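Residue numbers for the sequence shown follow our numbering, so the first one is 30 and each next one is one higher.
In this text, a Cβ means the ideal position worked out from N, Cα and C, and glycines have one as well.
Below you'll find the structure, written out as structure tokens, and then a few comments.
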Amino acid sequence: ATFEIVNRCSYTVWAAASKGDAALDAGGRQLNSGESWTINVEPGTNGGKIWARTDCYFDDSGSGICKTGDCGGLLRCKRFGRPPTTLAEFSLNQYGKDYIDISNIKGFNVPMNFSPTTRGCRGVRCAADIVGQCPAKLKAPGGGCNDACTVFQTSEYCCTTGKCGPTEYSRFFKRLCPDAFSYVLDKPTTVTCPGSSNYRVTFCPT
């Protein structure tokens, strides 16, 4: 499957793509404002994610740091990124269908649209100004809007037991972005697409 990753933000981002235990394609790349990077993701990939990273520095060997979404200091991510990270999430070729969503469970850094480029389903978007409107207690001094699990490490925010409900913090993310997951047990906003669809992830779509 192809994923065209497009940076419509006015600032550079470093895109990242991983399934948690391995890179997808090269795993990461710099995207200046307006640049597009097309990756290939193996069919059957389960639990893949794409995200933006901001305010990064890398040496010539591809080692460094980002202020949001850093994946072990690598340019080419092999693992998931450090919150806050708006997440484009997907599982491909799962019994004949693909499944896509956007999640704020690991916080929010950059607005994104995640849409198919092929027929048969709709896209999802979280493009509101979550960082600007972020509750004081969730603001990440390094940049972005943290989720409450990250900040407070409770059973209720992290849904550790599997019994949790919505919270005043999850409801903030849900208000700003109804079509993204706001906590682990949120009413799903997953879209079913045809198996082997292709996609575009756009940072700062609006």
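Boundaries of the beta strand (DSSP E) around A52: 52-60. DSSP lists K126 as the bridge partner or partners of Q123. By the neighbour-count definition (other C-beta atoms within 10 Å, threshold 16), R154 is a buried residue. Distance from the CA of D50 to the CA of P72, rounded to the nearest whole angstrom, comes to 16 Å. The C-beta distance from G91 to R105 rounds to 6 Å, short enough to fall under 8 Å.
Between the C-alpha atoms of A52 and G152 there is a straight-line separation of about 24 Å. Proximity to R82 across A55, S65, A45 peaks at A45, based on C-alpha coordinates.
Under the DSSP assignment, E64 falls outside any beta strand (DSSP E); it carries neither an H nor an E label.
The C-beta distance from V139 to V42 rounds to 6 Å, short enough to fall under 8 Å. Taking C-beta separations shorter than 8 Å and ignoring five residues to either side along the sequence, the partners of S62 in its chain run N36, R37, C38, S39, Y40, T41, following chain order. Close CB contacts of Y86 within its chain, under the 7 Å cut and outside five residues either way in sequence, are with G93, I94 (chain order). Taking a C-beta distance under 9 Å as the contact criterion, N175 and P112 qualify as a contact pair.
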